[PDB]
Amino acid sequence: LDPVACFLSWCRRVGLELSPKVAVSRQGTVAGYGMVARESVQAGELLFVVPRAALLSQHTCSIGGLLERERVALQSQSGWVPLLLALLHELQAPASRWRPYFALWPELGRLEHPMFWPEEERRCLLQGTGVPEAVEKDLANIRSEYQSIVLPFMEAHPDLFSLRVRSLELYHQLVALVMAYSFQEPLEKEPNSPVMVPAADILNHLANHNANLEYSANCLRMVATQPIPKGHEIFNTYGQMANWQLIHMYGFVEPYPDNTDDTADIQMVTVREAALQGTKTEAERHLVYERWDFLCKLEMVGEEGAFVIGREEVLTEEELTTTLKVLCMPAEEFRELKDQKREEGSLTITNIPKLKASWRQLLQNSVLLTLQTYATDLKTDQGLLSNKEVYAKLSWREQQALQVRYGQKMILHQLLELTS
């Protein structure tokens, strides 16, 4: 309203140029603020430009020097501590060059990430989806970073960090914000740390998006990828995102069948398990592990990785095709490989039923094992979804979790049908 107007003056001050055809709005958007087309936009049309000096990063913030200087102290699993300190500093800075930008940020106490859910609810609603595992790892990292890194740094530089921002709760909120709002610029291998991109982080996300960001030497450009008719919301793409990643990172899901990018994971060791399960002999077991290790050498499998199954195609395609090949090939045919490229080809809805019986059976069994890791079967969730009035009576978190579980089980069950 006024914050929007203030933000737009700020844009002009810092050289951020919006097309007259786009409008920042809170009306008719899928969530919070979004951008809407004032006039129909053509594919390839420039929607806005953000100068690189307008970005909020460890490098542009007012303590960029101190942060760079202390880059070793500030290391972590995520690599976000420097950005989080820039944000923490800028938020308590009286004359922050980014105030009008912060004014459009969401209310930090109302973030929807499952990390803020009661632990039993998260654990129970999202079992088998991979979310509880990811959140648990996040929470551990967030807590260790705050105590051993972020809090002692702030206390070492009280001038730069008022007491009101020395907050564990706040640190959780800013991590969530970085997760949901930040951009990471692709390289070209030391991955670029995330930055906050004003205006660009106003756009909501869809699998079927109509805008995307381009990087250039001096600026970022948001460009239309599809024609956008008058009055229609402009949707960026946050990536090829399954619902389990959307809810974890962004606190939302796309309702079935909207998410054409949804996926289900089959843990790599589950495939191994299926292979072991089929053995009759302690000798047969050990020949399984030999095939496993060979795949670990090819870097096709690993103890904590997963195969990623898409709606029309397997995404970790060569990993899986090669895993099936090796685990299933005649024991003689294997010894000559273990002595003397990998397996090409697509794994799609049409291809899978044409695979060898042995590949399909191993896959079938792996999927059965995977489906057993959820609390209920697909029929239960399919029933909660099919009845709109039953669905409507579920809490918001229950609806979200349902969409995640349902999307995953459907893909798994489709794979079950394809492997007969």
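A residue's number is simply how far along the shown sequence it sits, counting from 1.
According to the record, 4 to 9 deposited residues between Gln340 and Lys341 are left without atomic coordinates.
Set 43-51 against 62-70 and average the Cα temperature factors; 62-70 ends up higher.
According to the PDB record, 284-292 carries the higher mean C-alpha B-factor of the two stretches 284-292 and 226-234. Of the candidates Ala331, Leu315, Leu203, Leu174, the PDB record gives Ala331 the highest C-alpha temperature factor. Taking only the listed residues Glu145, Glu107, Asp265, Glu169, the entry reports the highest CA temperature factor at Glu107. Annotation for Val36: C-alpha temperature factor in the middle third relative to the rest of the modelled chain, per the entry. The PDB entry assigns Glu136 a C-alpha temperature factor belonging to the lowest third of its chain's modelled residues. Compared with the other modelled residues of the chain, the Cα B-factor recorded for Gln77 ranks in the highest third. When the CA B factors of the chain's modelled residues are split into thirds, the value for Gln184 lands in the highest one. Compared with the other modelled residues of the chain, the Cα B-factor recorded for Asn259 ranks in the lowest third.
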